[PDB]
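Engineer: Just so it is clear, I am handing over start06.txt, which has compact mmCIF, C-alpha atoms and all ligand atoms.
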# COMPACT_ATOMS: atom_id res chain seq x y z
CA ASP R 290 -0.77 1.03 -11.87
CA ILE R 291 0.94 -2.31 -12.12
CA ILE R 292 -0.88 -5.59 -12.03
CA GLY R 293 1.39 -8.62 -11.91
CA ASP R 294 4.94 -8.63 -10.60
CA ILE R 295 7.84 -6.28 -11.30
CA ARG R 296 10.40 -7.17 -13.93
CA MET R 297 12.42 -5.28 -16.52
CA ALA R 298 12.80 -5.32 -20.27
CA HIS R 299 15.49 -7.62 -21.60
CA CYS R 300 16.36 -8.82 -25.06
CA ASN R 301 17.59 -12.27 -26.06
CA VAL R 302 19.92 -13.00 -28.98
CA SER R 303 21.45 -16.22 -30.29
CA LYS R 304 25.06 -16.44 -29.15
CA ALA R 305 26.68 -18.74 -31.70
CA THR R 306 25.18 -17.20 -34.83
CA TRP R 307 26.18 -13.78 -33.55
CA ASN R 308 29.78 -14.90 -33.08
CA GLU R 309 29.71 -16.51 -36.51
CA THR R 310 28.56 -13.38 -38.28
CA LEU R 311 30.91 -11.04 -36.45
CA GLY R 312 33.87 -13.31 -37.11
CA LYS R 313 32.75 -13.19 -40.73
CA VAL R 314 32.65 -9.40 -40.79
CA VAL R 315 36.04 -9.00 -39.14
CA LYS R 316 37.55 -11.62 -41.47
CA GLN R 317 36.18 -9.43 -44.21
CA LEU R 318 37.47 -6.12 -42.93
CA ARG R 319 41.02 -7.34 -42.27
CA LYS R 320 41.56 -6.53 -45.98
CA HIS R 321 41.46 -2.82 -45.08
CA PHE R 322 43.92 -2.83 -42.19
CA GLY R 323 46.62 -5.34 -43.10
CA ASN R 324 46.50 -9.11 -42.80
CA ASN R 325 48.65 -9.01 -39.67
CA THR R 326 47.31 -6.69 -37.01
CA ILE R 327 45.35 -7.12 -33.79
CA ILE R 328 41.83 -5.75 -33.57
CA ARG R 329 39.75 -5.12 -30.45
CA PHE R 330 36.09 -4.42 -29.77
CA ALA R 331 35.15 -2.05 -26.98
CA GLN R 332 31.95 -0.63 -25.54
CA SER R 333 30.41 2.79 -26.09
CA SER R 334 32.37 5.84 -25.04
CA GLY R 335 29.80 8.05 -23.33
CA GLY R 336 28.09 11.33 -24.04
CA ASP R 337 24.32 11.52 -23.74
CA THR N 98 6.16 20.96 -8.93
CA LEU N 99 6.13 17.22 -8.31
CA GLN N 100 5.93 15.73 -4.84
CA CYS N 101 7.38 12.31 -5.48
CA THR N 102 9.10 9.25 -4.01
CA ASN N 103 10.59 5.96 -5.12
CA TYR N 104 7.76 3.51 -5.63
CA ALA N 105 7.56 0.13 -3.90
CA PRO N 106 10.71 -0.43 -1.83
CA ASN N 107 11.69 -3.75 -0.25
CA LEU N 108 12.00 -5.08 -3.77
CA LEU N 109 15.71 -5.81 -3.55
CA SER N 110 16.18 -7.07 -7.12
CA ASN N 111 17.89 -5.33 -10.01
CA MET N 112 14.64 -3.35 -10.20
CA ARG N 113 15.24 -0.84 -7.42
CA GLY N 114 15.90 2.66 -8.76
CA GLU N 115 13.24 2.21 -11.42
CA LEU N 116 9.71 3.60 -11.37
CA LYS N 117 9.27 6.51 -9.03
CA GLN N 118 5.70 7.48 -8.17
CA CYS N 119 4.79 11.13 -8.21
CA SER N 120 2.00 13.54 -7.39
CA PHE N 121 0.94 17.02 -8.39
CA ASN N 122 -1.87 19.48 -9.08
CA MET N 123 -3.88 19.89 -12.26
CA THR N 124 -6.49 22.33 -13.46
CA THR N 125 -10.01 20.99 -13.83
CA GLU N 126 -12.44 21.11 -16.76
CA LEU N 127 -13.72 24.36 -15.33
CA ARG N 128 -11.15 27.03 -14.75
CA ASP N 129 -10.93 27.96 -11.07
CA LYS N 130 -11.04 24.56 -9.40
CA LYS N 131 -8.02 22.36 -8.77
CA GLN N 132 -7.58 18.59 -8.94
CA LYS N 133 -5.06 16.08 -7.59
CA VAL N 134 -4.08 13.03 -9.61
CA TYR N 135 -1.26 10.56 -9.24
CA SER N 136 1.03 8.60 -11.51
CA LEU N 137 4.14 6.56 -12.13
CA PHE N 138 7.23 7.61 -14.02
CA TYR N 139 10.61 6.17 -14.82
CA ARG N 140 13.76 7.45 -13.19
CA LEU N 141 15.10 8.87 -16.45
CA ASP N 142 11.93 10.86 -16.96
CA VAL N 143 11.99 13.44 -14.19
CA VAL N 144 14.75 15.35 -12.37
CA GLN N 145 14.75 16.92 -8.94
CA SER E 21 -3.93 -13.70 1.28
CA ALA E 22 -1.28 -13.53 3.99
CA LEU E 23 0.14 -16.16 6.33
CA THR E 24 0.22 -14.50 9.66
CA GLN E 25 0.92 -16.72 12.73
CA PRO E 26 -2.31 -18.45 13.87
CA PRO E 27 -2.76 -17.58 17.52
CA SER E 28 -1.07 -20.62 19.13
CA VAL E 29 1.77 -18.35 20.37
CA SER E 30 2.35 -18.52 24.14
CA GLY E 31 2.42 -15.14 25.83
CA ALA E 32 3.88 -14.67 29.29
CA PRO E 33 5.84 -12.09 31.34
CA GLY E 34 9.08 -13.61 30.05
CA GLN E 35 8.67 -11.80 26.74
CA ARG E 36 10.00 -14.54 24.46
CA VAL E 37 7.40 -14.25 21.73
CA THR E 38 7.71 -13.41 18.05
CA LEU E 39 5.39 -12.24 15.28
CA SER E 40 6.10 -13.36 11.73
CA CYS E 41 3.95 -12.84 8.65
CA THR E 42 4.93 -14.91 5.63
CA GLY E 43 4.74 -12.87 2.46
CA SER E 44 5.14 -13.35 -1.27
CA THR E 45 7.47 -11.26 -3.40
CA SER E 46 4.47 -9.17 -4.42
CA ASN E 47 3.45 -9.02 -0.77
CA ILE E 48 6.70 -7.96 0.89
CA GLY E 49 7.86 -6.02 -2.17
CA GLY E 50 4.95 -3.60 -1.85
CA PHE E 51 6.07 -1.61 1.19
CA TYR E 52 6.83 -1.88 4.86
CA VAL E 53 3.65 -2.56 6.70
CA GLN E 54 2.70 -2.42 10.34
CA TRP E 55 2.35 -3.50 13.88
CA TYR E 56 -0.43 -1.30 15.23
CA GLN E 57 -3.36 -3.14 16.83
CA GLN E 58 -5.01 -3.35 20.22
CA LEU E 59 -7.67 -4.98 22.42
CA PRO E 60 -11.03 -6.32 21.20
CA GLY E 61 -14.26 -4.79 22.38
CA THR E 62 -12.96 -1.62 20.69
CA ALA E 63 -11.56 -0.80 17.22
CA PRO E 64 -8.07 -2.18 17.86
CA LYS E 65 -5.93 0.82 17.07
CA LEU E 66 -2.31 1.54 17.86
CA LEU E 67 0.10 3.26 15.49
CA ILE E 68 3.59 2.51 14.20
CA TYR E 69 5.71 4.56 11.82
CA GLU E 70 4.81 1.92 9.12
CA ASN E 71 7.93 -0.13 10.11
CA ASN E 72 10.73 -0.62 12.52
CA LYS E 73 10.64 2.95 13.93
CA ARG E 74 9.03 5.17 16.50
CA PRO E 75 5.41 6.18 15.87
CA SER E 76 3.70 9.57 15.68
CA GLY E 77 4.71 11.59 18.72
CA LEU E 78 4.55 8.70 21.18
CA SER E 79 2.64 5.52 21.42
CA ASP E 80 5.25 3.34 23.15
CA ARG E 81 8.99 3.22 23.73
CA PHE E 82 8.87 -0.53 23.17
CA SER E 83 8.85 -2.18 19.71
CA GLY E 84 11.36 -3.04 17.01
CA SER E 85 11.37 -5.26 13.95
CA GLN E 86 12.94 -6.13 10.61
CA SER E 87 11.75 -7.24 7.18
CA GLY E 88 13.48 -9.70 4.90
CA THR E 89 11.03 -11.47 2.64
CA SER E 90 9.20 -11.59 5.93
CA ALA E 91 7.42 -9.45 8.53
CA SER E 92 9.13 -9.88 11.87
CA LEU E 93 8.30 -8.78 15.36
CA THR E 94 10.22 -10.39 18.20
CA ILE E 95 9.02 -8.41 21.19
CA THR E 96 10.96 -8.61 24.45
CA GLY E 97 10.51 -6.43 27.54
CA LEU E 98 8.11 -6.60 30.48
CA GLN E 99 4.86 -4.93 29.36
CA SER E 100 2.35 -7.50 30.62
CA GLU E 101 -0.12 -4.76 31.62
CA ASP E 102 -0.57 -4.16 27.88
CA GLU E 103 -1.86 -7.68 27.31
CA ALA E 104 -3.30 -6.83 23.90
CA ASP E 105 -3.77 -8.62 20.58
CA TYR E 106 -2.67 -7.75 17.09
CA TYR E 107 -3.34 -8.14 13.38
CA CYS E 108 -1.73 -7.36 10.05
CA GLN E 109 -2.13 -5.05 7.10
CA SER E 110 -0.53 -5.07 3.67
CA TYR E 111 -0.85 -4.22 -0.01
CA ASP E 112 -0.49 -7.26 -2.23
CA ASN E 113 -0.75 -7.21 -6.02
CA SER E 114 -4.09 -8.72 -6.35
CA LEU E 115 -5.83 -6.29 -8.59
CA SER E 116 -5.30 -3.34 -6.28
CA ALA E 117 -5.60 -5.06 -2.94
CA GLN E 118 -5.04 -3.24 0.33
CA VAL E 119 -5.41 -6.61 1.93
CA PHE E 120 -4.31 -8.92 4.78
CA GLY E 121 -5.47 -11.73 7.02
CA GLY E 122 -3.82 -10.96 10.34
CA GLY E 123 -4.73 -11.93 13.88
CA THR E 124 -2.99 -12.68 17.18
CA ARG E 125 -3.93 -14.02 20.60
CA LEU E 126 -1.24 -14.17 23.28
CA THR E 127 -1.37 -14.80 27.01
CA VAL E 128 0.12 -14.20 30.43
CA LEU E 129 1.33 -16.47 33.23
CA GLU X 20 -7.21 15.08 17.08
CA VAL X 21 -10.47 16.96 17.35
CA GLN X 22 -13.03 14.34 16.46
CA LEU X 23 -16.62 13.49 17.05
CA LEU X 24 -17.43 10.95 14.35
CA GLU X 25 -20.78 9.25 14.92
CA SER X 26 -23.03 6.86 13.04
CA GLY X 27 -26.74 6.33 12.49
CA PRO X 28 -27.96 2.74 12.45
CA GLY X 29 -30.45 0.85 10.29
CA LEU X 30 -31.97 -2.65 10.47
CA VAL X 31 -32.13 -4.05 6.92
CA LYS X 32 -32.13 -7.74 7.87
CA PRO X 33 -34.43 -9.64 5.33
CA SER X 34 -33.97 -6.81 2.89
CA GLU X 35 -31.46 -5.37 0.52
CA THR X 36 -30.89 -1.58 0.88
CA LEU X 37 -28.22 -0.93 3.52
CA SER X 38 -27.44 2.73 4.13
CA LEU X 39 -25.73 3.97 7.28
CA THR X 40 -24.02 7.25 8.02
CA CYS X 41 -21.23 8.87 10.01
CA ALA X 42 -20.14 12.46 10.49
CA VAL X 43 -17.29 14.11 12.37
CA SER X 44 -17.00 17.52 14.00
CA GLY X 45 -13.26 18.19 14.01
CA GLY X 46 -11.31 19.66 11.13
CA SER X 47 -13.18 19.47 7.85
CA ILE X 48 -13.78 17.09 4.97
CA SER X 49 -10.80 18.33 2.97
CA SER X 50 -8.55 18.36 6.00
CA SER X 51 -7.14 14.88 5.22
CA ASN X 52 -7.00 12.67 2.14
CA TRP X 53 -10.30 10.83 2.56
CA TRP X 54 -12.20 8.74 5.09
CA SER X 55 -12.26 4.95 4.85
CA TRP X 56 -14.41 1.97 5.80
CA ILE X 57 -13.59 -1.47 7.12
CA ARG X 58 -15.87 -4.40 7.91
CA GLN X 59 -15.42 -7.22 10.41
CA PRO X 60 -17.51 -10.36 10.95
CA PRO X 61 -17.73 -11.13 14.68
CA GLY X 62 -14.77 -13.43 15.12
CA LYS X 63 -13.08 -12.82 11.79
CA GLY X 64 -10.09 -10.59 11.20
CA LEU X 65 -11.16 -7.73 8.91
CA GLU X 66 -12.63 -7.00 5.52
CA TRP X 67 -11.48 -3.79 3.85
CA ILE X 68 -13.64 -1.58 1.65
CA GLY X 69 -12.15 0.56 -1.10
CA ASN X 70 -12.33 4.26 -0.69
CA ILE X 71 -13.90 7.45 -1.73
CA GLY X 72 -12.07 10.62 -2.74
CA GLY X 73 -13.26 13.56 -0.69
CA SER X 74 -10.39 15.98 -1.10
CA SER X 75 -10.10 14.19 -4.46
CA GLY X 76 -12.28 12.88 -7.26
CA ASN X 77 -11.15 9.28 -7.65
CA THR X 78 -12.90 6.36 -5.98
CA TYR X 79 -11.66 2.89 -5.06
CA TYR X 80 -13.48 -0.35 -4.46
CA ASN X 81 -13.00 -3.96 -3.50
CA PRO X 82 -12.78 -7.20 -5.45
CA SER X 83 -15.45 -9.77 -4.54
CA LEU X 84 -17.69 -6.69 -4.07
CA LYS X 85 -17.64 -5.37 -7.64
CA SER X 86 -20.67 -3.64 -9.25
CA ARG X 87 -22.19 -4.21 -5.85
CA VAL X 88 -21.39 -1.44 -3.35
CA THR X 89 -21.68 2.26 -4.17
CA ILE X 90 -19.95 4.97 -2.13
CA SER X 91 -20.57 8.72 -2.02
CA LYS X 92 -20.37 11.82 0.15
CA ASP X 93 -22.71 14.70 0.90
CA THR X 94 -20.43 17.68 1.91
CA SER X 95 -23.17 19.38 3.97
CA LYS X 96 -21.48 18.72 7.32
CA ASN X 97 -18.87 15.92 7.21
CA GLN X 98 -21.21 13.31 5.69
CA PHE X 99 -19.44 10.67 3.59
CA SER X 100 -22.03 7.96 3.84
CA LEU X 101 -22.97 4.88 1.85
CA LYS X 102 -25.80 3.38 -0.16
CA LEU X 103 -24.79 -0.23 -0.65
CA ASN X 104 -27.42 -2.21 -2.52
CA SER X 105 -28.61 -5.83 -2.79
CA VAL X 106 -27.15 -7.36 0.34
CA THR X 107 -27.32 -11.12 0.01
CA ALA X 108 -24.49 -12.70 2.00
CA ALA X 109 -24.52 -13.80 5.64
CA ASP X 110 -21.98 -11.04 6.33
CA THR X 111 -23.72 -9.80 9.49
CA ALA X 112 -20.72 -7.77 10.47
CA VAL X 113 -19.51 -4.72 12.34
CA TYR X 114 -18.12 -1.63 10.63
CA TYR X 115 -15.77 1.24 11.30
CA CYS X 116 -14.90 4.56 9.68
CA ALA X 117 -11.42 5.94 9.36
CA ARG X 118 -9.17 8.92 8.76
CA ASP X 119 -6.05 8.85 6.58
CA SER X 120 -3.61 11.31 8.25
CA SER X 121 -1.40 10.21 5.45
CA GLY X 122 1.39 11.05 3.06
CA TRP X 123 0.69 9.55 -0.35
CA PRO X 124 -2.03 6.95 0.17
CA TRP X 125 -2.32 7.08 -3.49
CA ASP X 126 -0.81 4.14 -5.13
CA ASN X 127 -1.75 2.13 -2.07
CA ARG X 128 -1.16 3.62 1.34
CA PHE X 129 0.55 5.43 4.06
CA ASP X 130 -0.90 4.27 7.31
CA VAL X 131 -4.59 4.34 8.16
CA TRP X 132 -5.12 6.10 11.42
CA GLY X 133 -8.80 5.60 11.85
CA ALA X 134 -10.06 6.22 15.33
CA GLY X 135 -13.76 5.34 15.18
CA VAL X 136 -15.66 4.17 18.22
CA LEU X 137 -18.28 1.42 17.67
CA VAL X 138 -19.91 1.34 14.25
CA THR X 139 -22.15 -1.63 14.89
CA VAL X 140 -25.06 -3.26 13.15
CA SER X 141 -26.04 -6.91 13.44
CA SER X 142 -28.46 -7.08 10.54
CA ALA X 143 -29.43 -10.60 9.53
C1 LIG R 401 -3.05 21.69 -5.01
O1 LIG R 401 -3.75 22.92 -4.78
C2 LIG R 401 -4.67 22.83 -3.68
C3 LIG R 401 -5.46 24.11 -3.67
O2 LIG R 401 -4.78 25.15 -2.97
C4 LIG R 401 -3.87 22.56 -2.41
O3 LIG R 401 -4.74 22.53 -1.28
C5 LIG R 401 -4.21 23.38 -0.23
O4 LIG R 401 -2.80 23.51 -0.34
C6 LIG R 401 -2.19 24.36 0.62
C7 LIG R 401 -0.72 24.40 0.24
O5 LIG R 401 -0.41 23.33 -0.63
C8 LIG R 401 -2.42 23.81 2.02
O6 LIG R 401 -2.04 24.86 2.90
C9 LIG R 401 -1.16 24.45 3.94
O7 LIG R 401 -1.79 23.67 4.93
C10 LIG R 401 -1.07 23.48 6.20
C11 LIG R 401 -2.00 22.74 7.15
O8 LIG R 401 -1.76 23.20 8.48
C12 LIG R 401 -0.60 24.85 6.77
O9 LIG R 401 0.25 24.65 7.88
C13 LIG R 401 0.14 25.63 5.67
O10 LIG R 401 0.72 26.88 6.22
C14 LIG R 401 -0.78 25.79 4.45
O11 LIG R 401 -1.99 26.43 4.89
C15 LIG R 401 -3.90 23.53 2.28
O12 LIG R 401 -4.05 22.77 3.47
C16 LIG R 401 -4.57 22.77 1.13
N1 LIG R 401 -6.01 22.65 1.33
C17 LIG R 401 -6.90 23.66 1.41
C18 LIG R 401 -8.32 23.24 1.64
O13 LIG R 401 -6.60 24.85 1.29
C19 LIG R 401 -3.05 21.28 -2.57
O14 LIG R 401 -2.23 21.07 -1.42
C20 LIG R 401 -2.19 21.36 -3.83
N2 LIG R 401 -1.50 20.11 -4.06
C21 LIG R 401 -0.16 19.97 -4.12
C22 LIG R 401 0.64 21.22 -3.95
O15 LIG R 401 0.37 18.87 -4.30
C1 LIG R 402 32.72 -18.12 -31.63
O1 LIG R 402 32.30 -19.01 -32.64
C2 LIG R 402 33.08 -20.23 -32.66
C3 LIG R 402 32.45 -21.12 -33.70
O2 LIG R 402 33.04 -20.94 -34.98
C4 LIG R 402 33.17 -20.91 -31.27
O3 LIG R 402 34.25 -21.84 -31.28
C5 LIG R 402 33.34 -19.93 -30.11
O4 LIG R 402 33.06 -20.57 -28.87
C6 LIG R 402 32.43 -18.72 -30.30
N1 LIG R 402 32.63 -17.75 -29.24
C7 LIG R 402 31.62 -17.06 -28.70
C8 LIG R 402 31.99 -16.11 -27.61
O5 LIG R 402 30.46 -17.21 -29.08
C1 LIG R 403 45.71 -11.01 -47.26
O1 LIG R 403 44.84 -12.04 -46.84
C2 LIG R 403 43.86 -12.45 -47.80
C3 LIG R 403 42.93 -13.40 -47.09
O2 LIG R 403 42.54 -14.47 -47.94
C4 LIG R 403 44.59 -13.08 -48.98
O3 LIG R 403 43.65 -13.51 -49.96
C5 LIG R 403 45.57 -12.07 -49.57
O4 LIG R 403 46.33 -12.68 -50.61
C6 LIG R 403 46.51 -11.48 -48.49
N1 LIG R 403 47.29 -10.39 -49.05
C7 LIG R 403 48.48 -10.01 -48.57
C8 LIG R 403 49.14 -8.87 -49.30
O5 LIG R 403 49.00 -10.55 -47.61
Produce structure tokens that represent the structure in this file.
Ligand SMILES: *[C@@H]1O[C@H](CO)[C@@H](O[C@@H]2O[C@H](CO)[C@@H](O[C@@H]3O[C@H](CO)[C@@H](O)[C@H](O)[C@@H]3O)[C@H](O)[C@H]2NC(C)=O)[C@H](O)[C@H]1NC(C)=O
Ligand SMILES: *[C@@H]1O[C@H](CO)[C@@H](O)[C@H](O)[C@H]1NC(C)=O
Ligand SMILES: *[C@@H]1O[C@H](CO)[C@@H](O)[C@H](O)[C@H]1NC(C)=O

Structural biologist:
Amino acid sequence: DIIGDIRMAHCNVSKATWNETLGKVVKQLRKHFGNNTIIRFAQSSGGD
Amino acid sequence: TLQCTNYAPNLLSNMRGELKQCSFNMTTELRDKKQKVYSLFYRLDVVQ
Amino acid sequence: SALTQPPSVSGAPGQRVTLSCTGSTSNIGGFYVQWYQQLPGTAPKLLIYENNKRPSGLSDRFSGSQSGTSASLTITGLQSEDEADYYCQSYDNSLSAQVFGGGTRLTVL
Amino acid sequence: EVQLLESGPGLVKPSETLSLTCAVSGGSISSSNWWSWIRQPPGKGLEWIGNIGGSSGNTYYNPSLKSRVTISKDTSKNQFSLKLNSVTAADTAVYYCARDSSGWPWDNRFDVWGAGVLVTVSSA
């Protein structure tokens, strides 16, 4: 049984460094899809 | 079978559907007797 | 503990009185609680259906409450013959504490 | 309900072995969840005592009373009595016994219907 209060598990990340690295990786991978195209990131699809 | 309910309502936070409390029967150390013991589970653990 | 209206409330046959226990998030977040007590000189025992609802079979056709982060009972309707007193009960999250500090004294004109 | 729960007193005033009983007639021992105990100093609200088992094996107790009060039952005829040891405080208080009549009182509680009558000692 639970001593304390009730909370939930959550996970912090640094925002700016994350944007920096993902901009880096997309700036990389534009070599494999043409220099001029638009790319979009979406969430998970579904399943189990 | 599990006789079971949501645990601790009137906690109106994001933590509402979480953590059902359940109840059951269990065999004892010696064979014929029965024992009742009680626990908590998460809502993804157990299905009605 | 619980903060549970020290008995300075003013009972009368005008039925204007309220009952309000102040509770923490671990206090009110435990469960619904109670209003089920009775006269001294005897184990003060009434019953409620643990909140806001009608008790086992019948005890009275006169109650009704809510619960925010709070334990209300505004009670209104002429039942001055049942000039009784009341308490609390709760489960707070001290270590496993079926605990309270309730107590009421109200009056009559 | 069918009920005759009665107690047997003891005067343990300048002394430290308190042991009082109670036993009902109606139903049985394993006809509800357990039977409970509450204590009240004469003017104070209530002091709750943790509980036994009965139709169970697990016990419960009370903070500020730890390693201090021992609870048992006898199962001859509805005896569930106590042997609390080393009484020291000025808690000259009244008692009562209680039924559960409950659903799952098992994390904490569904409501304590305890009838009782007058479980009274005034032991200094
Ligand atoms: C775990 O097993 C024990 C051992 O059988 C259960 O104790 C007994 O369980 C039965 C059915 O679960 C209870 O019988 C029912 O009682 C009501 C009371 O009026 C009656 O109307 C029903 O027709 C039926 O007889 C019984 O009271 C109970 N105790 C004894 C001493 O026999 C226990 O309930 C089980 N726990 C579970 C299923 O969670
Ligand atoms: C992405 O990073 C750049 C810094 O190069 C910044 O201007 C922008 O606000 C960032 N966006 C997010 C969503 O972090
Ligand atoms: C595509 O863009 C990269 C980015 O630096 C550049 O080096 C390269 O010359 C470009 N190639 C074409 C075919 O546009």

Engineer: Show me, as a PyMOL selection string, every residue of chain E with an atom at most 8 Å from chain N, counting all atoms listed in the file.

Structural biologist: chain E and resi 45+48-52

Engineer: So which one's closest to chain E, X:96, X:32, X:87, X:58? Using only C-alpha atoms, please.

Structural biologist: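 Residue with the minimum atom-to-atom distance to chain E: X:58.
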
Engineer: Could you list, as number ranges by chain, the residues of chain X having an atom within 12 Å of chain R when counting all atoms listed in the file?

Structural biologist: X: 125-127

Engineer: Which residue is closest to chain N? Choose from X:62, X:91, X:76, X:113 and count only C-alpha atoms.

Structural biologist: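 Using only C-alpha atoms, the shortest distance to chain N belongs to X:76.
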
Engineer: Dump as a PyMOL selection string the residues of chain N that approach chain X to within 10 Å, counting all atoms listed in the file.

Structural biologist: chain N and resi 100-102+104-105+118-120+131-137

Engineer: Hey, what's within 9 Å of residue 105 (chain E) if we count all atoms listed in the file and toss same-chain stuff fewer than 6 positions away? As a PyMOL selection string, please?

Structural biologist: chain E and resi 57-60+64+123-126

Engineer: If the cut-off is 8 Å, can you tell me the residues of chain X near chain E, counting all atoms listed in the file? I'd like them as a list in words.

Structural biologist: residues 64, 65, 67, 81, 82, 115, 127, 128, 129, 130, 132, 133, 134, 135, 136 and 137 of chain X

Engineer: Find the residues near ligand LIG 403 (chain R). Use a cut-off of 9 Å, count only C-alpha atoms and all ligand atoms, and write them as a ChimeraX atom specification.

Structural biologist: /R:316-317,319-320,323-325

Engineer: For chain R against chain N, which residues fall within 8 Å using all atoms listed in the file, given as number ranges by chain?

Structural biologist: R: 290, 295-297

Engineer: Suppose we keep C-alpha atoms; can you now write the selection as a short mmCIF file (atom, residue, chain, number, x, y, z; two decimals), keeping the file's coordinate frame?

Structural biologist:
data_model
loop_
_atom_site.label_atom_id
_atom_site.label_comp_id
_atom_site.auth_asym_id
_atom_site.auth_seq_id
_atom_site.Cartn_x
_atom_site.Cartn_y
_atom_site.Cartn_z
CA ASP R 290 -0.77 1.03 -11.87
CA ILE R 295 7.84 -6.28 -11.30
CA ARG R 296 10.40 -7.17 -13.93
CA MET R 297 12.42 -5.28 -16.52
#

Engineer: Can I get the residues close to ligand LIG 401 (chain R) as a list in words, where close means within 6 Å and we count only C-alpha atoms and all ligand atoms?

Structural biologist: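 What falls inside 6 Å of ligand LIG 401 (chain R) is residues 121, 122 and 131 of chain N; 49 of chain X.
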
Engineer: List all protein, DNA and RNA residues that have at least one atom no more than 8 Å from any atom of ligand LIG 402 (chain R), counting only C-alpha atoms and all ligand atoms, and write them as a list in words.

Structural biologist: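 Answer in the requested format: residues 304, 305, 306, 307, 308, 309 and 312 of chain R.
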
Engineer: So how many Å separate CA of residue 30 (chain X) and CA of residue 102 (chain X), to one decimal?

Structural biologist: 13.7 Å
